[PDB]
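Below you'll find only one chain, the form deposited in one PDB entry, shown as structure tokens.
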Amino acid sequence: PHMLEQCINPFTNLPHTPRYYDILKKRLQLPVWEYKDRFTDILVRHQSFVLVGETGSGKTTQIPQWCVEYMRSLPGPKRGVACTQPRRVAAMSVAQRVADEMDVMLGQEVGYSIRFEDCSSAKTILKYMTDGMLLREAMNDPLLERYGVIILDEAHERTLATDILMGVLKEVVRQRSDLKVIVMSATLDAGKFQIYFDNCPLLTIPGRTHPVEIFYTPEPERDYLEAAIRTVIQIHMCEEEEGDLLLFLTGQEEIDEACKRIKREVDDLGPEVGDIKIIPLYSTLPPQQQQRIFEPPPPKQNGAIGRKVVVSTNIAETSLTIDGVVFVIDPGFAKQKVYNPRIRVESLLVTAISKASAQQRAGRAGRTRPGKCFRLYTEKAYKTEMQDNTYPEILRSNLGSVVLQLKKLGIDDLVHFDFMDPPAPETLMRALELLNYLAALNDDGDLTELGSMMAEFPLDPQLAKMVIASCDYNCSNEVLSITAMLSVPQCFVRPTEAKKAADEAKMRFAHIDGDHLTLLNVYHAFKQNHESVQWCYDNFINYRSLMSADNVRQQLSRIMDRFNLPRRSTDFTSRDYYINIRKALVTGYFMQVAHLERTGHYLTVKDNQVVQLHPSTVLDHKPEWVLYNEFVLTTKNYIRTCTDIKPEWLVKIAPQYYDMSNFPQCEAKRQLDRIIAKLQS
């Protein structure tokens, strides 16, 4: 309860650094610090509680440090604090920050954990991790005994992993009385979290948002990116007051294009236009790039106001604060990964945000000073076109990987699992059906040994199955490489002004049988040219994607070693090299197959989606049967990352799915019948 605290670093037993004390002066002014004793009084009297405070309150940086101090007061062998973040960038950035705040090296006493990015050690006693990574730790530690406190942060974003974690933790605290669970959220959400944890205590930090004037367009915009760029430059030139800009866009490629176009239109006035520092923010940035959002704006010679423009996804909506932002530009859209269980189609979608999200975005303009938020739509569109709240992710997502993790966790009854917002029965059906087809569950719905081992891979079940099954095709070395390339962003750089040159460089790698093997060609060439930045530029290859694929492949191969899964290749001189790899792809992606119809479009098997090959495909012809990685749902339906396959592989490898007693009538079925009757003739 009261521990001796000399003025030394308790991890080094040496004085704190000058910087430690400079930082300490500032964080004592954070809104949360007022409440430290009230927080402590709750923590030592209750097993779970809810903490609510606006973004900028100090929740993610300060509360976990208070929990560390609490842990140091307890007897026995030292346990840690976990703090989950929905967002990779928030976890990595804030762990660097808090390591500074605690006067320790990142990865020592303070660390982070993302899929394929573990920055922690035996000394780690505070770990920021994605919520998905904590659920993965529970698979080999069901009561999470490495932690004495677990903080589920950003709970209002209601991600799939956070929702599952809430139900897992609700069960863990029934079995463990020493564990403290803290839910933190930006919004009260009608006391939903408190009720869910059996009417636990609530601590609410008052907000400190300055006034924010909102501006609406007079009429709908025909191009929201054009309106976004137009608004940014007008703010930069027409606002008298100092202050930085925060523009919400929807993803990495859209953000880069905006960053290029802003820099050109601005650089199109040599003199007396203030310097602007243009900073992208999206989910895959390396730590060095993440941290640029925090560095100071340019200086003001003839009085031209200098400013930062952060061009960001909804990472910046609640998960962090960029001090100094005064102007927000809100196109009103975000990107969601949506699953339609009726046709078994998952796809990346750009969609209109909720009123709730719009209010948060505008709130970020008011943290430092009175601000302004430019909503690129009409007020009636706000009132009649935007829903009050974002749907929780659990209600619009593919549950295949979540069902697999729950079954691995030993949670067999998924109908009565205590979801805060239970998913639709049909969606749970498609997840069970998927895992059964992949032989991860048997016909009784029980986890099989293959299922159990698939669950250890931090991959879509389709990919995990493919990786495991490829061992029997003596090509796991290459399917590992392909899997790593599929696990990272697009590797082909294609500038707007150099499409022909980028496309000609891409075709240097093109495999005649399609896109999956082209990715293998890129990765092999990257490795044999010794990870060269120059070689990447010479070939319009994305250096960051390939470095990330190499890391993923390394981490995946340790999982293979741990399960004694052999890492094999076939003789490159034999025809079977590329045939074995193409067959292995079928072991995971037999449900993502399309058949070339007589008039030249494709039809997906069973679900009968009219699609065409995505224009970025290397295929210079239309194979009768293609396996595809991604369904792309724009104005047309495209299937992206496409490989030529033979239909007899479908019936031999995945006959449970290619079951002709339920397969609908179509040209594809006619061919499969012919194949099947020939096998029996």
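Rigid core: the largest C-alpha set superposing within 1.5 Å between the two forms. In case it trips you up, residue 1 is the first one in the sequence shown, and so on.
- In terms of unmodelled positions of the deposited sequence, the stretch from residue 300 to residue 301 in this entry skips 1 to 3 residues.
- Taking the mean C-alpha B-factor of each stretch as recorded, 280-288 and 458-466 are not equal, and the higher mean is that of 280-288.
- Across the two stretches, 386-394 and 587-595, the PDB entry reports the greater mean Cα temperature factor for 386-394.
- Per the deposited record, 229 carries the highest C-alpha B-factor of all listed residues (203, 229, 484, 81).
- For the set 443, 163, 153, 171, the PDB entry puts the maximum C-alpha B factor at 443.
- Placement of the Cα temperature factor of residue 419 within the chain: middle third of the modelled residues, per the deposited record.
- Sort the chain's modelled residues by C-alpha temperature factor and residue 72 lands in the middle third, per the entry.
- Per-chain ranking of the deposited C-alpha B factor places residue 61 in the lowest third.
- In this PDB entry, the Cα temperature factor of residue 550 sits in the bottom third of its chain's modelled residues, the lowest group.
- Looking at the C-alpha B-factors along this chain, the one for residue 183 belongs to the lowest third.
From this point on, the text means the form deposited in another entry, which you will not see here.
- Shift analysis on the rigid core between the shown form and the other one singles out 252 from 539, 397, 570, 252 (C-alpha displacement of 2 Å or more).
- When two forms of a protein are overlaid on their rigid core, residues whose CA moves 2 Å or more are considered shifted, and residue 517 is not one of them between the shown form and the other one.
- The two forms, fitted on the rigid core, differ between the shown form and the other one by less than 2 Å at the CA of residue 124.
- A displacement of less than 2 angstroms separates the C-alpha positions of residue 460 between the shown form and the other one, with the rigid core held in common.
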